[PDB]
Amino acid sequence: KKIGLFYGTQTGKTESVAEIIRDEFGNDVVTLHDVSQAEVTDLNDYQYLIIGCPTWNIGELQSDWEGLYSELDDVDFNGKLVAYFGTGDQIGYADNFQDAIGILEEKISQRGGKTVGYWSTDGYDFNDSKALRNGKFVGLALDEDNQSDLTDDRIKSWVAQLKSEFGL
């Protein structure tokens, strides 16, 4: 009813975590939007947004998101609070871990969106990332391939943070 969570997914992990986040916020505050069936104008309807996108391409964006990305310039994000989350593999993609959310945030923040939910890089083993802002990632970095045992605690802590930041 108030937070629009727009996600794209390749093997379904970002979708299942979107469902967990929805449940963690509760009181049906978040409405899930699979980007494969969305319009860019759908983003304009919210003041609070959570962007979900995994990184599996070493120089490209997830297909569903790639299509939409080109049209981001069509929406004014000024005044909107935006959070980001994504899946990836820190070991197999050491120099590009979570690049996707970094690319998305850079474009959305340039259009006026205010980033909220910065997440610590501590506890990860990688080299570089376009999501790196130095000290923190622009959003929650999940790794189901190497750190699936840490996912639930990570989601729980990040939502508690987002609850204070989004003013819930």
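One-based numbering along the sequence shown.
Visitor: Return whichever of 129-137 and 62-70 has the greater mean Cα B factor according to the PDB record.
Guide: The stretch with the larger average C-alpha B-factor is 62-70.
Visitor: Mean CA temperature factor from the deposited coordinates, higher in 48-56 or in 27-35?
Guide: Here the higher of the two C-alpha B-factor means belongs to 27-35.
Visitor: Quick check for you: using the entry's CA B-factors within this chain, is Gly8 in the lowest, middle or highest third?
Guide: Lowest third - that is where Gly8 ends up once the chain's C-alpha B-factors are sorted.
Visitor: For the chain shown, is the CA B-factor of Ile101 in the lowest, middle or highest third of its modelled residues?
Guide: Within its chain, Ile101 is a lowest-third residue by C-alpha B-factor, going by the deposited values.
Visitor: Give the position of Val40 by CA B-factor within its chain, expressed as the lowest, middle or highest third.
Guide: According to the entry, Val40 has a C-alpha B-factor in the chain's highest third.
Visitor: Lowest, middle or highest third: where is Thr115 by Cα B-factor in its chain?
Guide: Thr115: CA B-factor falls in the middle third of its chain.
Visitor: Which third, lowest, middle or highest, does the C-alpha temperature factor of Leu81 belong to within its own chain?
Guide: Lowest third - that is where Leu81 ends up once the chain's C-alpha B-factors are sorted.
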